[PDB]
$ cat target.txt   # compact mmCIF, C-alpha atoms
# COMPACT_ATOMS: atom_id res chain seq x y z
CA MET A 1 30.14 -68.60 -10.79
CA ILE A 2 27.52 -67.66 -13.38
CA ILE A 3 29.03 -65.77 -16.32
CA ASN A 4 26.01 -65.72 -18.65
CA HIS A 5 24.42 -62.89 -16.65
CA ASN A 6 26.18 -60.34 -14.46
CA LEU A 7 23.72 -59.41 -11.73
CA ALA A 8 26.08 -57.07 -9.87
CA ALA A 9 26.48 -55.10 -13.09
CA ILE A 10 22.70 -54.89 -13.50
CA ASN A 11 22.17 -53.65 -9.94
CA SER A 12 24.99 -51.11 -10.22
CA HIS A 13 23.71 -49.83 -13.57
CA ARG A 14 20.14 -49.38 -12.31
CA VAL A 15 21.30 -47.43 -9.26
CA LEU A 16 23.65 -45.33 -11.39
CA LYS A 17 20.97 -44.41 -13.94
CA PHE A 18 18.52 -43.20 -11.32
CA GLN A 19 21.26 -41.21 -9.58
CA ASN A 20 22.00 -39.58 -12.93
CA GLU A 21 18.34 -38.56 -13.22
CA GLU A 22 18.53 -36.92 -9.78
CA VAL A 23 21.66 -35.07 -10.92
CA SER A 24 19.77 -33.81 -13.99
CA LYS A 25 16.92 -32.47 -11.86
CA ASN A 26 19.35 -30.65 -9.59
CA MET A 27 21.12 -29.11 -12.59
CA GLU A 28 17.82 -27.85 -14.00
CA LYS A 29 17.01 -26.15 -10.69
CA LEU A 30 20.46 -24.57 -10.33
CA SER A 31 20.57 -23.35 -13.94
CA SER A 32 17.14 -21.70 -13.82
CA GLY A 33 17.20 -20.49 -10.22
CA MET A 34 13.64 -21.79 -9.75
CA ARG A 35 12.44 -24.66 -7.56
CA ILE A 36 9.50 -25.48 -9.87
CA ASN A 37 10.46 -25.84 -13.53
CA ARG A 38 8.10 -28.49 -14.95
CA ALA A 39 4.68 -29.74 -13.97
CA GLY A 40 5.28 -32.48 -11.44
CA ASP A 41 7.68 -30.75 -9.06
CA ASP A 42 4.82 -29.14 -7.10
CA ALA A 43 1.43 -28.92 -8.84
CA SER A 44 -0.41 -26.78 -6.28
CA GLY A 45 2.76 -24.80 -5.65
CA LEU A 46 2.90 -24.00 -9.36
CA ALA A 47 -0.80 -23.10 -9.42
CA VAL A 48 -0.47 -20.75 -6.44
CA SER A 49 2.73 -19.30 -7.90
CA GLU A 50 1.01 -18.54 -11.20
CA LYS A 51 -1.91 -16.93 -9.37
CA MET A 52 0.59 -14.85 -7.38
CA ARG A 53 2.38 -13.90 -10.61
CA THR A 54 -0.95 -12.71 -11.99
CA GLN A 55 -1.47 -10.72 -8.78
CA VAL A 56 2.05 -9.23 -8.91
CA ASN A 57 1.75 -8.09 -12.54
CA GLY A 58 -1.73 -6.74 -11.84
CA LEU A 59 -0.62 -4.83 -8.75
CA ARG A 60 2.23 -3.20 -10.68
CA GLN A 61 -0.04 -2.21 -13.57
CA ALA A 62 -2.68 -0.94 -11.13
CA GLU A 63 -0.10 1.27 -9.43
CA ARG A 64 0.79 2.67 -12.87
CA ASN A 65 -2.94 3.28 -13.45
CA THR A 66 -3.14 5.14 -10.14
CA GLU A 67 -0.23 7.37 -11.15
CA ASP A 68 -1.90 8.18 -14.48
CA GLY A 69 -5.12 9.04 -12.64
CA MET A 70 -3.16 11.34 -10.34
CA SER A 71 -1.70 13.00 -13.44
CA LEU A 72 -5.17 13.64 -14.84
CA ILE A 73 -6.36 15.10 -11.52
CA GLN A 74 -3.31 17.37 -11.25
CA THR A 75 -3.82 18.65 -14.81
CA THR A 76 -7.49 19.44 -14.15
CA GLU A 77 -6.73 21.31 -10.92
CA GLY A 78 -3.96 23.27 -12.61
CA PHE A 79 -6.41 24.38 -15.29
CA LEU A 80 -8.93 25.49 -12.65
CA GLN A 81 -6.28 27.72 -11.01
CA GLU A 82 -6.34 30.21 -13.91
CA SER A 83 -10.14 30.42 -13.82
CA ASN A 84 -10.02 31.21 -10.11
CA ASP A 85 -7.48 33.99 -10.69
CA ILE A 86 -9.59 35.49 -13.50
CA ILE A 87 -12.73 35.49 -11.35
CA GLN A 88 -10.88 37.16 -8.46
CA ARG A 89 -9.78 39.89 -10.89
CA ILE A 90 -13.36 40.37 -12.13
CA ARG A 91 -14.64 40.65 -8.55
CA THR A 92 -12.11 43.40 -7.83
CA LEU A 93 -13.28 45.17 -11.00
CA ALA A 94 -16.90 44.87 -9.83
CA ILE A 95 -15.99 46.40 -6.46
CA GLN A 96 -14.28 49.29 -8.24
CA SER A 97 -17.10 49.86 -10.75
CA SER A 98 -19.72 50.21 -8.00
CA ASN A 99 -18.20 53.53 -6.91
CA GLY A 100 -20.09 56.63 -7.99
CA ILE A 101 -17.14 58.70 -9.22
CA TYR A 102 -17.11 56.87 -12.56
CA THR A 103 -19.15 57.85 -15.60
CA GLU A 104 -20.71 55.50 -18.16
CA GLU A 105 -17.61 55.69 -20.37
CA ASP A 106 -15.30 54.57 -17.56
CA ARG A 107 -17.65 51.69 -16.78
CA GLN A 108 -17.58 50.69 -20.45
CA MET A 109 -13.78 50.66 -20.38
CA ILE A 110 -14.15 48.32 -17.41
CA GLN A 111 -16.64 46.20 -19.37
CA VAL A 112 -14.07 45.81 -22.16
CA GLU A 113 -11.70 44.06 -19.76
CA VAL A 114 -14.56 42.08 -18.23
CA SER A 115 -15.61 40.81 -21.67
CA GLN A 116 -12.05 39.76 -22.46
CA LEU A 117 -11.72 37.92 -19.13
CA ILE A 118 -15.07 36.14 -19.51
CA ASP A 119 -13.97 35.05 -22.97
CA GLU A 120 -10.74 33.67 -21.48
CA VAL A 121 -12.74 31.70 -18.90
CA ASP A 122 -14.79 30.16 -21.72
CA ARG A 123 -11.65 29.40 -23.73
CA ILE A 124 -10.17 27.56 -20.74
CA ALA A 125 -13.36 25.55 -20.40
CA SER A 126 -13.52 24.57 -24.07
CA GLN A 127 -9.79 23.88 -24.54
CA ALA A 128 -8.53 22.20 -21.34
CA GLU A 129 -7.49 18.68 -22.29
CA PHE A 130 -5.83 15.50 -21.04
CA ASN A 131 -4.88 12.89 -23.66
CA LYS A 132 -7.34 14.46 -26.15
CA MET A 133 -10.16 14.28 -23.58
CA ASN A 134 -12.07 17.42 -22.65
CA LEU A 135 -12.36 17.90 -18.89
CA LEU A 136 -14.23 21.09 -17.94
CA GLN A 137 -17.17 20.98 -20.37
CA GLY A 138 -19.24 18.57 -18.28
CA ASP A 139 -18.44 15.37 -20.16
CA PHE A 140 -17.72 13.62 -16.83
CA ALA A 141 -20.27 15.45 -14.68
CA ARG A 142 -22.55 13.71 -12.19
CA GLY A 143 -25.65 13.72 -14.40
CA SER A 144 -23.66 13.55 -17.62
CA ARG A 145 -25.19 11.39 -20.35
CA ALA A 146 -22.00 11.63 -22.43
CA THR A 147 -19.36 9.56 -20.62
CA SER A 148 -17.98 8.48 -17.25
CA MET A 149 -14.49 8.47 -15.74
CA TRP A 150 -13.19 5.40 -13.88
CA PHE A 151 -9.72 4.64 -12.52
CA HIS A 152 -8.90 0.93 -12.28
CA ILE A 153 -6.79 0.96 -9.13
CA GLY A 154 -6.82 -2.77 -8.42
CA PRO A 155 -5.44 -5.93 -10.01
CA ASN A 156 -8.87 -7.57 -10.35
CA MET A 157 -12.09 -7.31 -12.30
CA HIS A 158 -14.32 -4.81 -10.49
CA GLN A 159 -11.77 -2.77 -8.52
CA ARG A 160 -12.37 0.69 -9.95
CA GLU A 161 -13.53 4.07 -8.67
CA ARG A 162 -15.46 6.80 -10.43
CA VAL A 163 -14.37 10.44 -10.69
CA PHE A 164 -16.76 13.33 -11.36
CA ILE A 165 -15.68 16.65 -12.87
CA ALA A 166 -18.34 19.35 -13.03
CA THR A 167 -19.04 21.87 -15.82
CA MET A 168 -16.99 25.07 -15.62
CA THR A 169 -18.02 26.76 -18.89
CA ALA A 170 -18.92 30.33 -17.81
CA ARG A 171 -22.58 29.33 -18.08
CA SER A 172 -22.44 26.99 -15.10
CA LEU A 173 -20.68 29.85 -13.27
CA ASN A 174 -23.52 32.24 -14.26
CA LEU A 175 -21.13 34.61 -16.03
CA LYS A 176 -23.00 34.07 -19.30
CA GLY A 177 -26.75 34.25 -19.70
CA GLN A 178 -29.11 31.85 -21.41
CA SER A 179 -29.02 33.86 -24.64
CA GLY A 180 -25.25 34.29 -24.43
CA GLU A 181 -25.32 37.74 -22.84
CA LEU A 182 -22.35 38.56 -20.63
CA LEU A 183 -22.28 39.56 -17.01
CA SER A 184 -22.19 43.35 -17.19
CA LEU A 185 -20.35 45.96 -15.13
CA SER A 186 -21.49 48.98 -17.15
CA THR A 187 -23.72 50.47 -14.41
CA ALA A 188 -23.15 50.94 -10.69
CA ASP A 189 -26.35 49.07 -9.88
CA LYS A 190 -25.35 46.12 -12.06
CA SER A 191 -21.77 46.16 -10.77
CA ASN A 192 -23.14 45.86 -7.24
CA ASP A 193 -25.14 42.75 -8.14
CA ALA A 194 -22.18 41.22 -10.01
CA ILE A 195 -20.27 40.99 -6.71
CA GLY A 196 -22.59 38.27 -5.41
CA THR A 197 -22.55 36.36 -8.70
CA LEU A 198 -18.75 36.39 -8.66
CA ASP A 199 -18.80 35.20 -5.04
CA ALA A 200 -21.01 32.27 -6.04
CA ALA A 201 -18.72 31.46 -8.97
CA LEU A 202 -15.72 31.46 -6.62
CA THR A 203 -17.60 29.15 -4.25
CA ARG A 204 -18.28 26.70 -7.08
CA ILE A 205 -14.66 26.79 -8.25
CA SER A 206 -13.42 26.18 -4.69
CA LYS A 207 -15.76 23.22 -4.24
CA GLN A 208 -14.51 21.68 -7.48
CA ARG A 209 -10.89 22.16 -6.35
CA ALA A 210 -11.72 20.51 -3.02
CA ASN A 211 -13.22 17.46 -4.81
CA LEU A 212 -10.12 17.03 -7.06
CA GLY A 213 -7.83 17.37 -4.00
CA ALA A 214 -9.81 14.67 -2.17
CA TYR A 215 -9.46 12.39 -5.24
CA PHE A 216 -5.67 13.04 -5.42
CA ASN A 217 -5.26 12.28 -1.66
CA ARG A 218 -7.22 9.02 -2.00
CA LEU A 219 -5.11 8.09 -5.04
CA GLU A 220 -1.90 8.74 -3.07
CA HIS A 221 -3.03 6.42 -0.28
CA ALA A 222 -4.00 3.80 -2.86
CA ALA A 223 -0.63 4.02 -4.60
CA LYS A 224 1.21 3.47 -1.30
CA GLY A 225 -1.04 0.53 -0.46
CA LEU A 226 -0.51 -1.00 -3.90
CA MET A 227 3.28 -0.70 -3.60
CA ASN A 228 3.25 -2.38 -0.18
CA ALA A 229 0.93 -5.11 -1.48
CA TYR A 230 3.17 -5.75 -4.48
CA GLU A 231 6.23 -6.12 -2.25
CA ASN A 232 4.47 -8.58 0.07
CA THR A 233 3.00 -10.60 -2.80
CA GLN A 234 6.35 -10.85 -4.56
CA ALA A 235 7.91 -12.04 -1.30
CA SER A 236 5.24 -14.76 -1.01
CA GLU A 237 5.62 -15.88 -4.63
CA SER A 238 9.41 -16.06 -4.47
CA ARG A 239 9.18 -17.95 -1.17
CA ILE A 240 7.07 -20.48 -3.08
CA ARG A 241 8.78 -20.74 -6.49
CA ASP A 242 12.40 -19.55 -6.17
CA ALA A 243 15.17 -22.05 -5.49
CA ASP A 244 17.49 -21.67 -2.52
CA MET A 245 20.78 -21.94 -4.39
CA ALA A 246 22.85 -23.02 -1.36
CA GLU A 247 20.64 -26.01 -0.52
CA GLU A 248 20.54 -26.92 -4.20
CA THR A 249 24.34 -26.87 -4.39
CA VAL A 250 24.52 -29.17 -1.36
CA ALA A 251 22.16 -31.63 -3.06
CA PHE A 252 24.02 -31.37 -6.37
CA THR A 253 27.40 -32.12 -4.80
CA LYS A 254 26.00 -35.11 -2.90
CA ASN A 255 24.44 -36.55 -6.05
CA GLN A 256 27.61 -36.03 -8.12
CA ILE A 257 29.72 -37.89 -5.55
CA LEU A 258 27.15 -40.70 -5.57
CA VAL A 259 27.38 -40.83 -9.37
CA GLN A 260 31.17 -41.15 -9.24
CA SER A 261 30.98 -43.91 -6.62
CA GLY A 262 28.38 -45.81 -8.64
CA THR A 263 30.48 -45.55 -11.80
CA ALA A 264 33.49 -46.96 -9.96
CA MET A 265 31.36 -49.83 -8.64
CA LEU A 266 29.96 -50.63 -12.11
CA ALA A 267 33.49 -50.71 -13.52
CA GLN A 268 34.50 -53.06 -10.71
CA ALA A 269 31.49 -55.31 -11.32
CA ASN A 270 32.11 -55.57 -15.07
CA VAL A 271 35.57 -57.12 -14.56
CA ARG A 272 34.42 -59.50 -11.80
CA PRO A 273 33.46 -62.61 -13.86
CA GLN A 274 36.95 -62.75 -15.41
CA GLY A 275 38.17 -64.82 -12.46
CA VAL A 276 36.37 -67.89 -13.78
CA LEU A 277 38.71 -67.96 -16.79
CA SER A 278 41.49 -69.15 -14.46
CA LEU A 279 39.64 -72.48 -14.24
CA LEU A 280 39.68 -72.93 -18.04

$ encode --input "target.txt" --output "structure tokens"
Amino acid sequence: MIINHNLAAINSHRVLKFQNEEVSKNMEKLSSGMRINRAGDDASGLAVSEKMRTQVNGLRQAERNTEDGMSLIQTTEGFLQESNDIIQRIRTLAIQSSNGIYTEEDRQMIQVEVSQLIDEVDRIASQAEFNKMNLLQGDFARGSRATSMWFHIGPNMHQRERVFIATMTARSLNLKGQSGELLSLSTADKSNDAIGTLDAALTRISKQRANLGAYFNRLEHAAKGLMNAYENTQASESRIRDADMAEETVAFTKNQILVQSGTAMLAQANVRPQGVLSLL
């Protein structure tokens, strides 16, 4: 028997060392909870998982963007409500002032209230704000040269939609003249004409409210779609990258038992060449 080199020991040690490496890989997977932990486990799986992680984060942020856009739309519509109420009041005043039982003084007392209400309309237009951005002055109107409003409702580069808000500044509603003169109710003839102007102003306000409602409804549908997409994408990504802990435990137990058996065999092989010493 050759005692200068123990070949059974060499074989047992090689097998044991590579079994220990398999044990280490299993432990890494079980500790992290992820099937792919270093480059080499699954290269394309890792690439697709990182792309899906990008998509998941983007979908979540885009849903948050959609909610913020809905908040802006709701604020704008709420501000338009007061203008509508004021214009309805002014129309009732115009109906009343057209009657012939009033004198010029009574019509001027009506014009006092009309002037105050027109001023309040203008104040709403110049002061309505969302995150320090003016809304009703025409900054985001269709032909506006000032700025544009876009809501980025997707997780990718060009997935955005434009929102238009028209001018509601008591000049677009024809309640103020070119030179700044107010709509007047001081005569019965002028009160009669003011009824049609107020009707037109109400029509414009209603159209603006309809546009903002359409935007809000679209944004609601988009938010639901984004939530569903995020759930499905996360399911796909986890199906790719997450470790099944039960299967991993099965593998880990098998490899540990193999390690123990190999250690016992290496211990047995180390003591084997001692039997030659009986011949000496």

$ closest_residue --input "target.txt" --among "A:238, A:218, A:252, A:257" --to "residue A:22" --atoms "only C-alpha atoms"
A:252

$ closest_residue --input "target.txt" --among "A:45, A:58, A:275, A:262" --to "residue A:9" --atoms "all atoms listed in the file"
A:262

$ atom_distance --input "target.txt" --atom1 "atom CA of residue A:33" --atom2 "atom CA of residue A:48"
18.1 Å

$ residues_near_point --input "target.txt" --point "(-11.7, 34.5, -8.4)" --cutoff "10 Å" --atoms "only C-alpha atoms" --output "PDB file with C-alpha atoms, in the frame of the given file"
ATOM      1  CA  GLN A  81      -6.280  27.720 -11.010  1.00  0.00           C
ATOM      2  CA  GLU A  82      -6.340  30.210 -13.910  1.00  0.00           C
ATOM      3  CA  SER A  83     -10.140  30.420 -13.820  1.00  0.00           C
ATOM      4  CA  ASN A  84     -10.020  31.210 -10.110  1.00  0.00           C
ATOM      5  CA  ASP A  85      -7.480  33.990 -10.690  1.00  0.00           C
ATOM      6  CA  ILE A  86      -9.590  35.490 -13.500  1.00  0.00           C
ATOM      7  CA  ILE A  87     -12.730  35.490 -11.350  1.00  0.00           C
ATOM      8  CA  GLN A  88     -10.880  37.160  -8.460  1.00  0.00           C
ATOM      9  CA  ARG A  89      -9.780  39.890 -10.890  1.00  0.00           C
ATOM     10  CA  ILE A  90     -13.360  40.370 -12.130  1.00  0.00           C
ATOM     11  CA  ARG A  91     -14.640  40.650  -8.550  1.00  0.00           C
ATOM     12  CA  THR A  92     -12.110  43.400  -7.830  1.00  0.00           C
ATOM     13  CA  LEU A 198     -18.750  36.390  -8.660  1.00  0.00           C
ATOM     14  CA  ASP A 199     -18.800  35.200  -5.040  1.00  0.00           C
ATOM     15  CA  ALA A 200     -21.010  32.270  -6.040  1.00  0.00           C
ATOM     16  CA  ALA A 201     -18.720  31.460  -8.970  1.00  0.00           C
ATOM     17  CA  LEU A 202     -15.720  31.460  -6.620  1.00  0.00           C
ATOM     18  CA  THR A 203     -17.600  29.150  -4.250  1.00  0.00           C
ATOM     19  CA  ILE A 205     -14.660  26.790  -8.250  1.00  0.00           C
ATOM     20  CA  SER A 206     -13.420  26.180  -4.690  1.00  0.00           C
TER      21      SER A 206
END

$ closest_residue --input "target.txt" --among "A:150, A:175, A:241, A:112" --to "residue A:38" --atoms "only C-alpha atoms"
A:241

$ atom_distance --input "target.txt" --atom1 "atom CA of residue A:34" --atom2 "atom CA of residue A:226"
25.8 Å

$ residues_around --input "target.txt" --residues "residue A:256" --least-positions-apart "5" --cutoff "10 Å" --atoms "all atoms listed in the file" --output "list in words"
residues 19, 20, 22, 23, 26, 251, 261 and 262 of chain A

$ closest_residue --input "target.txt" --among "A:222, A:264, A:243, A:37" --to "residue A:152" --atoms "all atoms listed in the file"
A:222
